[PDB]
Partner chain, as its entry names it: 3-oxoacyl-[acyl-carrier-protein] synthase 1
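Have a look below at one chain only, the form deposited without the partner chain, in structure tokens format.
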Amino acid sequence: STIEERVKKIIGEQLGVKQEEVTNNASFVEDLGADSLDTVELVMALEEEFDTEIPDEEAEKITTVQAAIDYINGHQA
């Protein structure tokens, strides 16, 4: 599985949304129905899956599927 696929799987599992909705340009809140508690938990889940620490300054900008993919691809453990 690629990084893109694994990031999308984490997002779908954390947010409780079907795979078809997890398009690259989808917004967690606006498209995937997330609340802000969920987005914090999603960031934590990405840290565990990819063994990486995400600083707040960057976490705050992770609001779409693509932004999460880009963060993880750009910080490979």
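Positions refer to the first chain, counted from 1.
Beyond what is shown, the protein has a form deposited with the partner chain bound; the following relates to that form.
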Subject >> Non-hydrogen atom contact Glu30 with the partner chain in the deposited complex at 4.5 angstroms >> reply: no
Original post:
So in the deposited complex, does any heavy atom of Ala67 sit within 4.5 Å of the partner chain?
Top reply: no
Original post:
Does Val22 reach the partner chain in the deposited complex, with heavy atoms at most 4.5 Å apart?
Top reply: no
Subject >> Residues from 38 to 62 in contact with the partner chain (non-hydrogen atom within 4.5 Å) in the deposited complex >> reply: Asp38, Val40, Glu41, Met44, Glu47, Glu48, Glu53, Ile54, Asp56
